[PDB]
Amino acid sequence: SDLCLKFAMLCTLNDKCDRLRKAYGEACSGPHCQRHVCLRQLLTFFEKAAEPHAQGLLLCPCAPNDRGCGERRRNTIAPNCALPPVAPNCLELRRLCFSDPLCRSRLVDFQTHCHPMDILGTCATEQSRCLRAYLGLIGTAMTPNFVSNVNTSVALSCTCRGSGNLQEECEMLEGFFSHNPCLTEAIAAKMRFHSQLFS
């Protein structure tokens, strides 16, 4: 079985992690989903779960052609429940974030730790602090997730359509997720680690 499933089961084996995962799983299930309740439970998960368990659960490696592994990784946070059905403009998302003191705090942290210092992936701080700040956005108004079940790219649920005079500022925000060597290499490194750990 794939390593995404294995790391999910490592969480299940841990009484504390299993309880936190079941809790958001329950809050984020079904078509009857209550978005704000799911988001609260996700925030709680990443807040309270042991970092190695939370990172293993989400930042799990998938072979080239393992669509099932990637689909699992992509749905681990229950994006159909957690993300709005309609993607807003990305700056609006940031605005909503600024409007909430917890979210505002989480965005500042991510902007601090995941700032790229060069094309090699050097972060402003450390790789591990970047990952922590990144996962700290999950359950906020700016919840990032994997875009594909065949690759490891990650993005917000937003668009830069209807941006007008604010096109570049908008694409710049998207770029912090799509075109960020620090974030990309921190995720890729952790995934390599998880592969090598099991091997």
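We number the residues from 1 along the sequence you see.
K.L.:
Once you work out the mean C-alpha B-factor for both 94-102 and 81-89 from the entry, which is higher?
P.N.:
81-89 has the higher mean C-alpha B-factor.
K.L.:
Going by the mean C-alpha B-factor recorded in the entry, which is higher: 146-154 or 163-171?
P.N.:
Higher mean C-alpha B-factor in the PDB entry: 163-171.
K.L.:
Test of reading the entry: by CA B factor among the chain's modelled residues, which third contains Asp15?
P.N.:
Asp15: CA B-factor falls in the highest third of its chain.
K.L.:
Taking the C-alpha B-factors as the PDB entry records them, is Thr125 in the lowest, middle or highest third of its chain?
P.N.:
Within its chain, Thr125 is a highest-third residue by C-alpha B-factor, going by the deposited values.
K.L.:
Within this chain, which third does the Cα B-factor at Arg67 fall in: lowest, middle or highest?
P.N.:
For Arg67, the deposited C-alpha B-factor lands in the highest third.
K.L.:
Which third, lowest, middle or highest, does the C-alpha temperature factor of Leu39 belong to within its own chain?
P.N.:
Middle third by C-alpha B-factor.
K.L.:
Using the B-factor values recorded in the entry, state whether the Cα atom of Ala27 falls in the lowest, middle or highest third among the modelled residues of its chain.
P.N.:
It belongs to the middle third of the chain when residues are ordered by C-alpha B-factor.
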